[PDB]
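A quick write-up on the structure given underneath.
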Amino acid sequence: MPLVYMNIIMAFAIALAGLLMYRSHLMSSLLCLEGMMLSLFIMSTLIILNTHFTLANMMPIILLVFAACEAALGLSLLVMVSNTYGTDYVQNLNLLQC
Amino acid sequence: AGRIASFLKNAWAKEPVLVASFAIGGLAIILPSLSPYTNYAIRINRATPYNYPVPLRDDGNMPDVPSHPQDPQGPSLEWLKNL
Amino acid sequence: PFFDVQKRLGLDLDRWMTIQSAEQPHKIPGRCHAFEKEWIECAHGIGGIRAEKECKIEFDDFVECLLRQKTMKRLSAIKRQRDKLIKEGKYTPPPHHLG
Amino acid sequence: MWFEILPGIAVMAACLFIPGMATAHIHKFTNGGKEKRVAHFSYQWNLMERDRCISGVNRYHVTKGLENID
Amino acid sequence: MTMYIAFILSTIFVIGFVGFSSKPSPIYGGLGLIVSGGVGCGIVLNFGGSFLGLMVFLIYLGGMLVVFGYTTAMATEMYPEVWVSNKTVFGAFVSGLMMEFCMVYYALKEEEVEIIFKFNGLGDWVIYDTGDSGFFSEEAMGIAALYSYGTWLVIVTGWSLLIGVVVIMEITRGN
Amino acid sequence: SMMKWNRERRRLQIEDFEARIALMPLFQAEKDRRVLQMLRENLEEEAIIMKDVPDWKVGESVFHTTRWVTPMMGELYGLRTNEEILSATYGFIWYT
Amino acid sequence: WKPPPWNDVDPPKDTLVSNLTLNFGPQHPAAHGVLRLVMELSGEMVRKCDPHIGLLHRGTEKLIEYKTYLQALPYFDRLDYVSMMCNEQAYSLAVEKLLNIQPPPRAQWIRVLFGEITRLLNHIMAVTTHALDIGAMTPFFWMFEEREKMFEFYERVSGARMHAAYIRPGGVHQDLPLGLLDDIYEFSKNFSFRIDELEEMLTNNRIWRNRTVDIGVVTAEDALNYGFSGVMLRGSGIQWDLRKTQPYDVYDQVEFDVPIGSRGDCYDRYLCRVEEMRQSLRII
Amino acid sequence: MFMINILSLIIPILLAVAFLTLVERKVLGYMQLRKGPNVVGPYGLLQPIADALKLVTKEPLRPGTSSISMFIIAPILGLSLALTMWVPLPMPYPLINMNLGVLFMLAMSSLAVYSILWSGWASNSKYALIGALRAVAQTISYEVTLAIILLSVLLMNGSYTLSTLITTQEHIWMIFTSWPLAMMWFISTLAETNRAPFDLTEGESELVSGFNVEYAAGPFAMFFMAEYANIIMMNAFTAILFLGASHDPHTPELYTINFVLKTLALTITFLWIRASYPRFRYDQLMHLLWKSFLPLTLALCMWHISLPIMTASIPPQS
Amino acid sequence: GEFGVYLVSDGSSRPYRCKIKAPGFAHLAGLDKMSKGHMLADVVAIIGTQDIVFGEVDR
Amino acid sequence: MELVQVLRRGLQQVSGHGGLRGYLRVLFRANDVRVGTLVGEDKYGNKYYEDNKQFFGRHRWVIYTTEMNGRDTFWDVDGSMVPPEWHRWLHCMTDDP
Amino acid sequence: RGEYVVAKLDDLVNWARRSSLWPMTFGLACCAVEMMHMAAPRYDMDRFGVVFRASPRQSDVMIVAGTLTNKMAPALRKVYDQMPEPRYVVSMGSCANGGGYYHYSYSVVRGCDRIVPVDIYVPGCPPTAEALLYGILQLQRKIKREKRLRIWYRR
Amino acid sequence: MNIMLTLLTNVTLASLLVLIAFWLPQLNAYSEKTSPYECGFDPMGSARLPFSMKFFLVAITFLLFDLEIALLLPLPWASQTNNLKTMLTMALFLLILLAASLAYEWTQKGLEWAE
Ligand SMILES: COC1=C(OC)C(=O)C(C/C=C(\C)CC/C=C(\C)CC/C=C(/C)CC/C=C(/C)CC/C=C(\C)CC/C=C(\C)CC/C=C(\C)CC/C=C(\C)CC/C=C(\C)CCC=C(C)C)=C(C)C1=O
Ligand code: SF4
């Protein structure tokens, strides 16, 4: 388990940490969401290439197919929250507190 | 006939691109089943030796498997030369 | 599978990629083909409870082949001890490992 | 007239000709005349590596024919 | 120096990863992702995954383009932030750089890191395997079998993406 | 014209591959000797490099199985030169 | 913590539309150079177009008062940079009407001759600069070679290339230089081809029509009420042309066809301009 | 002998765009009955040098509302991307024999648009943001057709290797088997490089700038030299992909001469259409691709997946 | 258009008031009406057909 | 049949302009190479040529003198260096040199 | 010699300047129409290296063609101040020079000089497209006689 | 090696041209030469407020469609299989849904750009 595995695993942790610390931006939040996807794609690519799991080389592709699909969903949701509330800071949508 | 011919002619006037694209799109699906060279394409792909033809141990009673590459018995693909 | 429709309906949907020793394209074997082949042939129908205790060394060989955890650890010790020994000056690499 | 346009092409055509000629000649010069061997697959690279080891001078392009064995 | 570019490339991947995870302005976040995405493509290329490397390069670039194409569309701030700007982003940024630089120091000085899992520093060149690939690249034939061995995956992926266009319009339509 | 030429290219590739199959036995035959030679050289050097260690019995198979496992490239070239490492691991990938 | 809404809908928040507003000039090359065109847009579709003008408000109407009738003649050449004799013809007719005096028949014929040449001048630049702003830059240069040819006729008769100061109350300054009519005939002989050169690359051009067809469409009564005149009435079905309804000078003797438009959009009026270019040749 | 090779590519490339600006006006002028530059040197053979030297000595200035860092890096992005993209082009023998050369050029060409809006966004100008937002959706929508057109044509290749086009169209030009895809490929190349049926990226008539909004002597020179280099290649890529040429393995000079001639002829056509058509409005150029190019694009794709199968003409993978 | 002049004299040798009818004045006054709904890139097209020379509107 | 005549006509210009050295002189200082009959010479050194076959506008031209009134004009030709008597003929205002 | 080296270097820069003037069209009045005739193929302004270019950030010389009305006078100064400044201003026509016909009006400044420094003055009403070509040629001569490096070497 | 040397040379060449771009031409600047350009008269204050364009729907479908082209990219190597019937059926299947998604996107306003 060489150091490149450490780099991208520790990377995904900061993607997890980055997502879980929304400061003032939904768009920057979605950035960290797609950020997670890099490390998962990159680690998955390293795994099935190292192990010569040739039939499983499709798995990183199918990750990406369902990757941007969420990415489109996030921005489409971001379209209306910014459209009808003006901005994208995740603090002005607290009307559901009650 | 009258309903179909009027529709095709009208679409051929206003939106030539769509009636065009639907044509080649339509032909792209139905000829490949009809055309007889599809089996040749399978045979050409099958006949391509990417891997080694690993020898199989001769314990006798294998008349069809050749003992030498130049032997007559076995899969011969002279049809490729003719085709 | 929770509700195994693949077993009942008798078709394959994902039981072709779940393992490394399946029919890969153009018979390209995986790295640890033999190691997992023994492991699966070891614990087949024996149950997960019995598999985790009986087919244990086969899994350990297979898991090691996947990561080379101990083998790389062995190589790490060879290089480190060689480095300090060469640096101190006891012995020098033989000419075959120079060119 | 229109033929006055051609000097604009000529100084460009010669300039665009250089990369094609330079790369073609550099490969031949740096590989002893023969074209640079292309390895699109590991098997091609395996031949090249065996060529480097066999030649003795650690040059893949330096080739030994029948005279190496006897 | 060319000992093994895997760690160096993955380091820039993490530093670029640190960037947009610190919550900059969204446009600067795209740059922080792109450098990580570009060098991430470099990591996979170095490991033999030639097709997959350029694959994530092309898709992501288009993906993140519409990302920060959107940010300037309706998510822009009238006074945009920057890597320095607010102390929060400044604090979030510098925290990431000092963090990763601590782990790599913790990584390269004993080579027996045991955080969560085990991580021993011996060189990612080692895990490579000796063997030819015939006249075909293994990765290309693996992802080519999607149309022969993965007909089930094609159906679910195709249907989901088709539904993906339905939801996008349906969500964004409104009224 | 494309149909005929592509068929000819397929026939050429068959000839190319058939040529490859002919020399595979030699390349396989020599390479196994080189790999065994490299491992043997590593084992002798490992014995010399560790003789005063507490317990490093020469050449213990980490895998419990007695069959041969295709060796790591690391354990082959590990103590060899830097140029040997780069030309071996990132040789085909970097050859552009 | 206030109670949740009864219909599960909150009142709409503060309006968040900013509607980016800019000034489209006067530096903009396609804004005629003197437009401070400010527009309101719904993001990209314009809502109102407030054309701030006065960026070239030279006090012409006040300066005319202080000059004599002859002294005020050059001002009308400097109102419309392209309609030179047409501008002076209007002022000359006004001064002659007050004076109850008519010009000699030769002077009238020269007026309508150079009046139609002028109509070629404005139409040439109107269409070509329309192509320039649209994006087609090539027909600009071809027909502005001919504009130089007509500029020679302006200079050969009056002395200056653009501001002729030629048409004056009571006729014209001086007679035509000998041999000018031959050059006018020579130039007009090939101008039919040059018009076909212009119109062939745009009239049927798919890009051109899509850039003008069904754009800027005005109705009939809308154009009449808005004070629109000239082509804009002609381009939208209204059959009106002062050259036929209220003939001035000897316009009651020349025969020509007014190109009434049908759709009223940009493309129809541009066609009317091109046809008005061809029709002037018959009048010439 | 690799630094010499690289500098035997960079210098000829920058000199090719250098005098393309002269063969632009000298061709544009002659097509609009003008004469083009013929004063600076004989026949204008020194005008671009006079242009270039001025554009590296007249005062550059960052905008007061600029973002310095992104303002400076955008010219770096444009120029380096343009140069690095010529790398796998298979002039007889390609400089870098990439196994996936086609995918490489697609990826980096999709990156040359980050320069245009990073320049636009950092410039903090109303015309800058408009031009930046015009260009991005312009290129990516034109990119969907770019990817599929390349794939449909290359299905007869059997691989993405650029060198194999030499072998593929050895006897027959590729355009004779994929001319319908050739037409949309040429139009898309006109659109990715922003020439002038769709030069709306600059939008000089309606946006005065947008390629380089406040960009000055140096940075303006880059954003020009980074797109005129794309002009030469996108026709070199068209030439290599569709109009093949005879390539004797012993005398590559004949192929280089032929290859250069096709690029020169194609580049003239890029200049030729530039002065023969009006400007597409934004919705029109988007409508043309999303509503007329794409339906034909997918249909001809399905044709080219099936075509080798029905005719048993699957090309060799190697 | 319909270029015209409202010339007012007083019996002297100079005009008393020379109002200049501007064909483009009413034309440019209607630009907002014609630009209703059309995209901004069509604003150049609907002033190109306008034929507004800016020495007449401004006078 | 006409290309060979064109090259011969183009080759004749080098003999027309006093040899090759004169040809580059006109090319590098007058930007034209067309030859034409010498209609006259003025006192300041300007050489006036005319060629009626050229279309109206280029049928007459002047090659400016190298030096006039203590100011070198080899590379510094000015449009006002024409004497009034020749200015009339040059501007096509009349046909009488 | 150092002076000789600075002499040739100055000439190289001055040649690069005078051989590429990019006017930023301030087309205001009938003076602009005649200037476009200079761009017309009859005189072909482009052939002299001088080609029309918008975006004053990418232009070298101003060509004031037409009357300068007091309302737009701030615009003239603003577009003048935004030029990367090896920069020159050419005034076309009597109106731009000193007011011309509208010298006595209430809303026309008596000359473009009062707003911007003015290089070569082009007289006319309008100056013929050939006269402007002579004017631009005069500016090229003025750029030729610039001793920027010689002055720096002798500071 | 070869690829990174080429990448390095390009960025150094580009950066050097910037360095001589901003340093060789000396500067005599002020606060009015750095003012944002707005075709003359003063800007009203913009270029960073939300500038909402209309092609957002088709901008995001490009991202969806760009994933389709990723899925159908491996086709050149997919033809080199022994079961082209299944490969042909699946290859056309992805194209059909890609066409179907565009067609349904077309019918419901879709490609039309909001006013
Ligand atoms: C609407 O539509 C529109 C368009 O179109 C659609 C348009 O077109 C246009 C454009 C307008 C026109 C065409 C109209 C006319 C205008 C013009 C012609 C403008 C002209 C503009 C120019 C930029 C001029 C271009 C002309 C020329 C002659 C350019 C010439 C080039 C050069 C002088 C430079 C050439 C390159 C050189 C010298 C490179 C030198 C390199 C080296 C010495 C080596 C460098 C590298 C190394 C040393 C590597 C080794 C180093 C190492 C390793 C360092 C390591 C370091 C470490 C720290 C490790 C517009 C505006 C438009 O509106
Ligand atoms: S000087 Fe004469 S031509 Fe020029 S703008 Fe003034 S009135 Fe018009």
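The chains in the structure tokens are called A, B, ... from first to last as shown; in each chain the residues are counted from 1, and the ligands are counted from 1 in the order shown.
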*asked:* as a ChimeraX atom specification, please: the residues near residue F:48 (cut-off 10 Å, only C-alpha atoms, same-chain neighbours under 3 positions excluded).
replied: /C:82,91 /F:42-45,51-52,58
Export, as a JSON list (two decimals), in the first residue's frame, the selected residues with N, CA and C atoms.
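Writing done, so here's selection_28.json:
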```json
[["chain", "number", "residue", "atom", "x", "y", "z"],
["C", 82, "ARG", "N", 20.53, -2.49, 3.60],
["C", 82, "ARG", "CA", 21.58, -2.32, 2.59],
["C", 82, "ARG", "C", 22.07, -0.88, 2.56],
["C", 91, "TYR", "N", 30.33, -3.10, 2.92],
["C", 91, "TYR", "CA", 30.28, -3.86, 1.69],
["C", 91, "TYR", "C", 29.63, -3.00, 0.61],
["F", 42, "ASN", "N", 19.47, -11.53, -6.68],
["F", 42, "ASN", "CA", 18.93, -10.85, -5.51],
["F", 42, "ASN", "C", 19.10, -11.70, -4.26],
["F", 43, "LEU", "N", 18.89, -13.01, -4.38],
["F", 43, "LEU", "CA", 18.96, -13.88, -3.21],
["F", 43, "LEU", "C", 20.39, -13.97, -2.67],
["F", 44, "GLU", "N", 21.38, -14.13, -3.55],
["F", 44, "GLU", "CA", 22.76, -14.17, -3.09],
["F", 44, "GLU", "C", 23.15, -12.87, -2.42],
["F", 45, "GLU", "N", 22.78, -11.73, -3.02],
["F", 45, "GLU", "CA", 23.08, -10.44, -2.42],
["F", 45, "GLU", "C", 22.34, -10.26, -1.10],
["F", 51, "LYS", "N", 23.68, -11.05, 7.07],
["F", 51, "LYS", "CA", 24.20, -12.22, 7.76],
["F", 51, "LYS", "C", 24.36, -11.99, 9.25],
["F", 52, "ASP", "N", 24.48, -10.73, 9.69],
["F", 52, "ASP", "CA", 24.57, -10.38, 11.10],
["F", 52, "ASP", "C", 23.22, -9.97, 11.69],
["F", 58, "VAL", "N", 17.27, -16.81, 4.56],
["F", 58, "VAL", "CA", 17.34, -16.36, 3.18],
["F", 58, "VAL", "C", 16.17, -16.93, 2.39]]
```
*Residues within 10 Å of ligand 2 (only C-alpha atoms and all ligand atoms), as a count of residues only?*
46
*Report as number ranges by chain which protein, DNA and RNA residues come within 7 Å of ligand 1, using only C-alpha atoms and all ligand atoms.*
H: 7, 10-11, 14-15, 17-19, 21-22, 24-25, 48-49, 51-53, 55, 194-196, 199-200, 202-204, 209, 220-222, 224-225; K: 51, 53; L: 8-9, 12-13
*Name all residues at most 6 Å from stretch 52-68 of chain L (count only C-alpha atoms; drop same-chain ones fewer than 3 positions away) and give them as number ranges by chain.*
A: 65; E: 63, 73-74; G: 43; L: 71, 113-114
*When the cut-off is 10 Å and we count only C-alpha atoms, which residues of chain E are near chain B, given as a PyMOL selection string?*
chain E and resi 133-136
Writing out the chosen residues with N, CA, C and O atoms as a CSV table (one decimal), in the first residue's frame:
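Saved the output as selection_22.csv:
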```csv
chain,number,residue,atom,x,y,z
E,133,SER,N,1.6,-7.5,-22.6
E,133,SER,CA,0.2,-7.4,-22.9
E,133,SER,C,-0.2,-7.8,-24.3
E,133,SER,O,-1.3,-7.4,-24.7
E,134,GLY,N,0.6,-8.6,-24.9
E,134,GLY,CA,0.3,-9.0,-26.3
E,134,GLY,C,0.4,-7.7,-27.2
E,134,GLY,O,1.2,-6.8,-27.0
E,135,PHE,N,-0.6,-7.7,-28.1
E,135,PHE,CA,-0.7,-6.6,-29.1
E,135,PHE,C,-1.9,-5.7,-28.7
E,135,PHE,O,-2.3,-4.9,-29.6
E,136,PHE,N,-2.4,-5.8,-27.5
E,136,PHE,CA,-3.5,-5.0,-27.1
E,136,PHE,C,-3.2,-4.4,-25.7
E,136,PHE,O,-2.6,-5.0,-24.9
```
*asked:* Residues near stretch 32-42 of chain I, anyone? I mean within 6 Å using only C-alpha atoms, not counting same-chain ones fewer than 2 positions away, as JSON, numbers by chain.
replied: {"G": [45, 46, 48, 49, 216], "I": [30, 44, 45]}
*Two-atom distance - atom CA of residue B:58, atom CA of residue F:36 (Å)*: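 Computed distance, atom CA of residue B:58 to atom CA of residue F:36, equals 29.6 Å.
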*Give me, as a VMD selection string, the contact residues of chain C against chain E at a cut-off of 10 Å, counting only C-alpha atoms.*
chain C and resid 12 to 14 16 to 17 23 to 26 28 31 66 to 69 72 to 73 75 to 77 79 to 80
Could the residues in this selection be saved with N, CA, C and O atoms as a compact mmCIF listing (two decimals), in the first residue's frame?
```
# COMPACT_ATOMS: atom_id res chain seq x y z
N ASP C 12 -27.78 -13.90 -16.31
CA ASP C 12 -26.68 -13.22 -15.67
C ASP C 12 -26.84 -11.72 -15.91
O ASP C 12 -27.05 -11.29 -17.04
N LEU C 13 -26.70 -10.94 -14.84
CA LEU C 13 -26.69 -9.48 -14.94
C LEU C 13 -25.41 -8.86 -14.41
O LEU C 13 -24.88 -7.93 -15.03
N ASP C 14 -24.89 -9.35 -13.29
CA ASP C 14 -23.62 -8.87 -12.77
C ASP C 14 -22.72 -9.99 -12.26
O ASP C 14 -21.65 -9.69 -11.73
N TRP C 16 -20.60 -11.61 -13.69
CA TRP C 16 -19.51 -11.74 -14.65
C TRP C 16 -18.34 -10.83 -14.33
O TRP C 16 -17.26 -11.01 -14.90
N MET C 17 -18.53 -9.85 -13.45
CA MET C 17 -17.50 -8.91 -13.06
C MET C 17 -17.16 -9.01 -11.58
O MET C 17 -16.10 -8.51 -11.16
N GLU C 23 -14.58 -14.99 -16.78
CA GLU C 23 -14.17 -14.93 -18.18
C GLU C 23 -13.88 -13.49 -18.59
O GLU C 23 -14.77 -12.77 -19.03
N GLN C 24 -12.63 -13.08 -18.43
CA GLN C 24 -12.20 -11.76 -18.85
C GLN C 24 -12.11 -11.71 -20.38
O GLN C 24 -12.01 -12.74 -21.03
N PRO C 25 -12.18 -10.51 -20.96
CA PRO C 25 -12.10 -10.42 -22.42
C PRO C 25 -10.78 -10.95 -22.94
O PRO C 25 -9.71 -10.62 -22.42
N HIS C 26 -10.86 -11.78 -23.98
CA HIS C 26 -9.69 -12.37 -24.63
C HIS C 26 -8.80 -13.12 -23.65
O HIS C 26 -7.59 -13.23 -23.84
N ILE C 28 -7.64 -12.51 -20.74
CA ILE C 28 -6.59 -11.76 -20.06
C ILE C 28 -6.68 -12.04 -18.57
O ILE C 28 -7.58 -11.51 -17.90
N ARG C 31 -3.98 -10.34 -12.05
CA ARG C 31 -2.75 -10.56 -11.30
C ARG C 31 -2.87 -11.79 -10.42
O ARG C 31 -2.12 -12.76 -10.57
N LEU C 66 -2.84 -9.36 -3.54
CA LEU C 66 -3.53 -8.14 -3.94
C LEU C 66 -2.72 -6.91 -3.59
O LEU C 66 -2.64 -5.96 -4.38
N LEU C 67 -2.10 -6.89 -2.40
CA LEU C 67 -1.40 -5.71 -1.93
C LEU C 67 0.11 -5.89 -1.79
O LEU C 67 0.82 -4.89 -1.77
N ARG C 68 0.60 -7.12 -1.68
CA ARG C 68 2.02 -7.38 -1.43
C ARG C 68 2.48 -6.68 -0.16
O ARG C 68 3.58 -6.14 -0.09
N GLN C 69 1.62 -6.70 0.86
CA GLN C 69 1.90 -5.98 2.10
C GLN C 69 3.18 -6.50 2.76
O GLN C 69 4.08 -5.73 3.08
N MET C 72 6.39 -6.41 0.10
CA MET C 72 6.98 -5.08 0.04
C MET C 72 7.66 -4.71 1.35
O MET C 72 8.69 -4.04 1.35
N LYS C 73 7.10 -5.16 2.48
CA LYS C 73 7.76 -4.95 3.76
C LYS C 73 9.10 -5.66 3.80
O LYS C 73 10.08 -5.12 4.32
N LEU C 75 10.97 -6.25 1.15
CA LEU C 75 11.86 -5.46 0.29
C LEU C 75 12.27 -4.16 0.99
O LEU C 75 13.40 -3.70 0.81
N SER C 76 11.37 -3.57 1.77
CA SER C 76 11.72 -2.33 2.47
C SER C 76 12.85 -2.57 3.46
O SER C 76 13.74 -1.73 3.60
N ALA C 77 12.83 -3.71 4.15
CA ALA C 77 13.90 -4.02 5.09
C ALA C 77 15.21 -4.30 4.37
O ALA C 77 16.29 -3.96 4.87
N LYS C 79 16.28 -2.97 1.52
CA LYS C 79 16.88 -1.73 1.05
C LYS C 79 17.41 -0.89 2.20
O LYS C 79 18.50 -0.31 2.11
N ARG C 80 16.66 -0.81 3.30
CA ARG C 80 17.08 0.02 4.43
C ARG C 80 18.37 -0.52 5.05
O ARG C 80 19.31 0.24 5.30
```
